[PDB]
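The block underneath contains the structure these notes are about, expressed in structure tokens.
Every residue, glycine among them, receives a Cβ derived from its backbone with ideal geometry; neighbour counts consider all protein chains shown. Every number here is computed from the coordinates shown, using simple stated rules; none is lab data.
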Amino acid sequence: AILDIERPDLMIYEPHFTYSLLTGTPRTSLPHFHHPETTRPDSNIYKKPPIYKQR
Amino acid sequence: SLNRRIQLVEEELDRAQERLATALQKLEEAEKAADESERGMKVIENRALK
Amino acid sequence: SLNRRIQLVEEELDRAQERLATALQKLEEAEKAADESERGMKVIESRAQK
Amino acid sequence: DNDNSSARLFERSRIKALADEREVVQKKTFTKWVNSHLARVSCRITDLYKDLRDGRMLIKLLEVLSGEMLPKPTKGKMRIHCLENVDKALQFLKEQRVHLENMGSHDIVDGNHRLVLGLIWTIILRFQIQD
Amino acid sequence: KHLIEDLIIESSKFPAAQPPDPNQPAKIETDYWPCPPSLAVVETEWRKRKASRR
Amino acid sequence: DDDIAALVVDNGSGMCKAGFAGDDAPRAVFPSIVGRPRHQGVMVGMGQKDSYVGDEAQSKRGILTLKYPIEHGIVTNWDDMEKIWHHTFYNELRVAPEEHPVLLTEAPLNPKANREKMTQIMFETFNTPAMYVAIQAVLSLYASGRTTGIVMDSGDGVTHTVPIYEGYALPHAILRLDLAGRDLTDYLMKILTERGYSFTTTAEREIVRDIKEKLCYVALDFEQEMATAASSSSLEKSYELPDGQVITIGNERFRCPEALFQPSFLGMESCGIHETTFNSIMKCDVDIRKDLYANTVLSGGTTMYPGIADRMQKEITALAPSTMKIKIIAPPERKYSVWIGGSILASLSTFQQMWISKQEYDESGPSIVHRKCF
Amino acid sequence: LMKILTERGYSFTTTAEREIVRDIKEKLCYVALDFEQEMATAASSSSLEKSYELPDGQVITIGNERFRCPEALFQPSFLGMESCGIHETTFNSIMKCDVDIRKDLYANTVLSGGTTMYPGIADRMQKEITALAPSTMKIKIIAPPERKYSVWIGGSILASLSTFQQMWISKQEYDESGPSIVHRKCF
Amino acid sequence: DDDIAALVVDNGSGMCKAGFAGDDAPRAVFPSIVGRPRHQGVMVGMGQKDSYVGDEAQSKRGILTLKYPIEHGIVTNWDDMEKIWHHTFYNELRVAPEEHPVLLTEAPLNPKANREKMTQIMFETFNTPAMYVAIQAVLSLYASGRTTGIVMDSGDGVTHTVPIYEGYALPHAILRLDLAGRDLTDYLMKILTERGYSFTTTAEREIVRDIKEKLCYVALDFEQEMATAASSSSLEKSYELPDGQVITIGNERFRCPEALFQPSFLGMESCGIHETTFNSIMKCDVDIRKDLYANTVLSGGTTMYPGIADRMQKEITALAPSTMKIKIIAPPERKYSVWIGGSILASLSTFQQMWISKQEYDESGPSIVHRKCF
Ligand SMILES: Nc1ncnc2c1ncn2[C@@H]1O[C@H](COP(=O)(O)OP(=O)(O)O)[C@@H](O)[C@H]1O
Ligand SMILES: Nc1ncnc2c1ncn2[C@@H]1O[C@H](COP(=O)(O)OP(=O)(O)O)[C@@H](O)[C@H]1O
């Protein structure tokens, strides 16, 4: 049956219901939970009061 | 409290025996290597003098 | 009973640490001697090959 | 083989001997220097490698040199409390624009010789001492 | 940098952390150097060894 | 005396070595690896550390992504190299960088910008009084103790051969080949899959590098070695992973270093190292070939495999005319030879007129290194 | 244990009797080091039997059911589950990690929770993990005697740290960002 | 009749397909599962069945413990392999295996004992007169109809890429990422725990796989789709369990196959499929990259997620230089492409020489496949 068909690229076994729906991605990493923040470089977190106490 | 004190002392003692056991075999190995170099002395010296 | 056992086990911990340190000193001395002997072997090897 | 044995001989003799000799002399010098400043709070250390593991000696030395009181040490005798105290000291060192690298809390706690010596060397060199 | 730490910095500049004694030969002069010397130095050393052997 | 020892820093692809001038051996040797964490940190209270440098990265390599700042002899990540140099100066030697001069090495042929950047970072960020950039093969020839010879140096990232006759180097015969120990490690990974062992991540790269260091050798005859390995299981060794599993390396011990002599295994068109040395010799003049044959010098850690000198001598003897001496000079401490050359270069009395001062840098920018360095 | 105590004729059905069965399990269950040998021993002699007193004065005898109930922790096919035992789960969780960090993980296994308070659980766990693990590695099972409250005790440690005052989900943050804030802060 | 049709058998980790040489479609397609009963029979005299192979095991899922003989493209259990092969030859095909040649497919990089064992089993047990073993992603080019292109084949076991330029394949550019569809199934099982649906048993992994095949798609822009999913509930679907329960898949539909492009979700540090394709491109020579950019071919069932071709085109367009055009060729019958091209391999007149004869096996052992195939 191959020997009759010119192009197996354009070949259908089933309707398949195709196409029903409707700069690359940079690498990402999992978040860390052992230190609070790094928004201020060279900041001392031990000076700061706790967050809930600030009202 | 005294139970945990006993446990800590026992673990430290076991680590001490393990370290001594490794040290003895390293000592034997170094002594044997020194003896082997000592035999190599005279054969190399004989070839040189001839 | 526990207070009696504490001093006993601490004594073997003491003795084990002491001769562990002694064995370490002996081992490092043996290592230094072995290295010096082996370079002494290289010297006479260079004798013979030249 | 034999050539590899000769290379191992050369490295184990010369590199290790020179490194240990220099490191021993610098350890003695650093201990003698730090004891002078630690004497004012009537604290003295015998071995530089082991007495900086807990972290109270480091925070008291920074207390002497800075002249500003630091946050109080955490009340504990655990591993994590030592990590907290060493982290407080290193955060204070970062606070005064002194640049340190490859220097975590677990390095000081576990007692690495080279990193402790480097921390003392940076304290001696870069830090500002006022009287 | 005050005055005491400058002595530490000056001591750290030498290869060893202590200044060397002047009577000892340098490490380039001692036999510990593994690079081969010149050929005629080895020739004169062999001549001296043969003279001592006699 | 007011004479201060200048720091000698050998920065290679694989490891970094450092010491004082006039010494017999470097004080510090450590791998040039920068690692960063790749998992979640949940134990709040421990100290946070952004980057691991050197042996600290190697001890905790199980949770890091290991990156080499220098690959193929060209440094790409400059901040990682800054961290490496800074850790060398402050934690491994414990010296003030602004007091001593420094001496640096590099491959012969490389991008021209590196030297300039290597100047600009060193004068500005570290405030050294003076610096100088040398070429590793010349320092190897210094360490060999002979004025004339041909130096072949293969590190972790680059291989290069230079000829030097009576102190006059011939720049048109300098050959650079991009084949080194990193590609041999990658080929060892690619051929270890045949036995069923899988090594993918960078920690596995370090493990495979250790396996290659311990259990590899160069066969004198490739076909006879393959026939012997096929005939019986006498040529087999066992290795233990840090997990505790046991692998059997078997036939693959000598196939990995054989890629140094037949680069067709890696898909490269270029010839082997022995033909590279022979072509570098024949590119020289007629009268100096006889002295270059008698003074072949091996260098670099990649030339550390057992059985490399016999194979090199046999191959060059096959290529050369059958009249002249073929002598391969390989010192046992060849891996550090380049650094040793630096210690001799910074101790000469005439070298004190060769330093690049800060004043000249301020006068003529970072391009002074092309005029003042070979 | 209820379903296997049905085998001896004792009947427990209500929710109040489940507490009685739980008390019996806590008092009279242990993990056998070897299972087939223990079955042979319990079938051969009656030295393994124990007597329990019901709240209404009845006296029951457990016998062979003392160690069959905890054995279900290691063979889940007793309950019809096709999952693996706890030793296999621990070994599989170790094996999923990287190669380098396995050696430290083999020597630092920690037990926790009340269910691990069966007498003899530590020896059986160490034996099975040592059977699964390669021979050149050594296995250490850490079972503190107060492990039932360990999940509490570490929590009492965690709220006392200095940096944990920077971890709290404040009232203002919840008011600003709703109840979905807990995923950003808590692990 | 003279020449007789040779049957082709495509074995992968997910499904086994089989059919004759000339046919455009496989004779039979069935999952590669072996089932065994966990419970104990209670009624006297139904009949004995020790093992369940193929679709019979898929029918009686909730009574067996399903097992897969192929793990990551490697045959872990061989007795199961004779079970599937016997069921293929004597039940699905109803042909005598001793009167036909057999074509088989395998992954590019795999242990050699795998090839030796398939050769020994096909010759000693089934008495096949001749056999051949071929690489799957090579056969994808035969199915595509072009002799120049790069194939990325992603099955249930492995994901491997290979470039071929004008019939010449470059072995040093072949990469074998170990990410596949079964890992995505496990990730889907892990992320359905968030909504409260628990799937644990081996019989329920098939339900999870069907959910994956039915209600999953690859987002064009990941973060924008996250924002849309957090905004409204338009992109929510409902799935019907076999027992009548209804689940709501919601956000997770485009979070399962996104692990193909970012393997850090699964804890692997390896690069994604697009970066693997790009790295396999750049490992080739300069002059053939232009042709390879214009003939990227997708293959394997794992690449049947909707929108994967556009995502790959966008990512490679971002990575590649901007002056060239990139077209991803994804045929609508890629799932059987590995089969289809293989059928073309059995119809060529020049292929009759390449068969491994029975006499050659008899005189050379099972290691003849390392010389005859590839
Ligand atoms: N004893 C040895 N045997 C075999 N190979 C070695 C040995 N020592 C080092 N190597 C190889 O040499 C490489 C290091 O090269 P190196 O000499 O450090 O280059 P550079 O000094 O320019 O960085 C390592 O990657 C390793 O593969
Ligand atoms: N319609 C589909 N949509 C998405 N994924 C699919 C679809 N059909 C199959 N798959 C995935 O592809 C796998 C089957 O791939 P297949 O080409 O059969 O692999 P192989 O032939 O190498 O065994 C299944 O495990 C499934 O996860």
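Quick look at the numbers
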quantity: Highest-fluctuation residue, F:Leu241, F:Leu109, F:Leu93 considered, GNM on chain F with Cα pairs under 10 Å; calculated: F:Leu241
quantity: Filtered GluC sites (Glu not before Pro), the range F:125-208: DSSP coil and at most 14 other beta carbons within 10 Å; calculated: F:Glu166
quantity: Counted charge near B:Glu12, where neighbours are those whose Cβ lies closer than 12 Å (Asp, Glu -1; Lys, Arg +1); calculated: -4
quantity: In degrees, nearest ten, helix G:35-44 long axis to first principal axis of chain G (Cα); calculated: 30 degrees
quantity: Calculated [θ] (222 nm, deg cm²/dmol) that DSSP helices of n ≥ 4 give over chain F, each run adding -39,500 (n - 2.57); calculated: -9500 deg cm²/dmol
quantity: Beta bridges per DSSP with both ends in the protein assembly as shown, % antiparallel, nearest 5; calculated: 70 percent
quantity: Dipole-positive endmost among F:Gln245, F:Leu103, F:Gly41 within chain F (Cβ charges, Cα centre); calculated: F:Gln245
quantity: Kirkwood Rh, angstrom, the range H:1-160 [1 / mean 1/r, Cα pairs]; calculated: 17.2 Å
quantity: The range F:79-185: relative contact order in percent, alpha carbon pairs under 8 Å with at least 6 residues between; calculated: 19 percent
quantity: Mean separation of Cα contacts under 8 Å (6+ apart) over length of chain F, as relative contact order %; calculated: 19 percent
quantity: For chain A: Kirkwood Rh in Å [reciprocal of mean 1/r, alpha carbons]; calculated: 19.1 Å
quantity: Beta bridge orientation in chain F: antiparallel %, DSSP, nearest 5; calculated: 70 percent
quantity: Contour minus Cα-Cα distance for F:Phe222 and F:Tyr168 (0.36 nm per residue); calculated: 15.7 nm
quantity: Leading residue at positive end of dipole, chain B (Cβ point charges), from B:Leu20, B:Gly40, B:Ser1; calculated: B:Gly40
quantity: Selected from G:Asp23, G:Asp175, G:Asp56 as most flexible by GNM, with chain G as the system and alpha-carbon contacts under 10 Å; calculated: G:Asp175
quantity: 0 to 90° range, to nearest 10: angle between helix D:56-66 axis and chain D longest Cα axis; calculated: 70 degrees
quantity: Within straight-line cross-link reach of F:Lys372, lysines at Cα separation under 16 Å, skipping those fewer than 8 residues along the same chain; calculated: F:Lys112, F:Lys117, F:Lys358
quantity: Rg over Rh, two decimals, the range H:215-289 (C-alpha only, Kirkwood Rh); calculated: 1.16
quantity: Base-10 log of normalised Debye intensity for chain H (one unit scatterer per alpha-carbon) at q = 0.08, 0.15 Å⁻¹; calculated: -0.45, -1.40
quantity: Dimensionless Rg ratio for the range F:182-341, taking C-alpha atoms and the 2.2 N^0.38 Å reference; calculated: 1.17
quantity: Folded to 0 to 90 degrees: helix B:2-49 orientation relative to chain B principal axis, Cα; calculated: 0 degrees
quantity: Whether the protein assembly as shown is rounded, prolate or oblate, judged on the alpha carbon gyration tensor where a/c under 1.5 counts as rounded; calculated: oblate
quantity: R0 of 30 Å, Cβ-Cβ distance D:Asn2-F:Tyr239: FRET efficiency to nearest 0.05; calculated: 0.85
quantity: Distance in nm between pseudo-label sites at D:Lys32 and H:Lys190 (7 Å out along the Cβ direction from Cα); calculated: 5.8 nm
quantity: Dimensionless Rg ratio for the range G:81-187, taking C-alpha atoms and the 2.2 N^0.38 Å reference; calculated: 1.45
quantity: Viscosity 1.002 mPa s, temperature 20 °C, Stokes-Einstein D of chain B from Kirkwood C-alpha radius, µm²/s; calculated: 148 µm²/s
quantity: Unit charges at the beta carbon, dipole of the range H:248-365: most positive-side option, H:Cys256, H:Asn279, H:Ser337; calculated: H:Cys256
quantity: Of C:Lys32/F:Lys214; A:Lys47/D:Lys75; E:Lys13/F:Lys17, those spanning more than 21 Å from alpha-carbon to alpha-carbon; calculated: C:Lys32/F:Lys214
quantity: Mean separation of Cα contacts under 8 Å, 6 or more apart, over the residue count of chain D: relative contact order %; calculated: 23 percent
quantity: Candidates H:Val95, H:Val42, H:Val286, ranked by Gaussian network fluctuation over chain H, Cα under 10 Å, top entry; calculated: H:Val42
quantity: Modelled FRET efficiency - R0 25 Å, D:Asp131 with F:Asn127, Cβ distances, 0.05 increments; calculated: 0.40
quantity: Amide N proximity, the range A:9-30 versus H:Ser347 label position 7 Å along Cα-to-Cβ, cut-off under 20 Å; calculated: A:9-14
quantity: Cross-link reach list, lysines versus H:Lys212, counting only Cα pairs under 20 Å and skipping chain neighbours closer than eight places; calculated: H:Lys67, H:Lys190, H:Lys237, H:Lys335
quantity: Prolate/oblate/rounded call for the range H:307-374, Cα gyration tensor, a/c under 1.5 rounded; calculated: prolate
quantity: DSSP-assigned coil residues among trypsin sites (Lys or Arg not before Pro) in the range F:178-267, each with at most 14 further Cβ atoms within 10 Å; calculated: F:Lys237
quantity: Cα-based convex hull volume of chain E per residue, rounded to whole Å³; calculated: 112 Å³
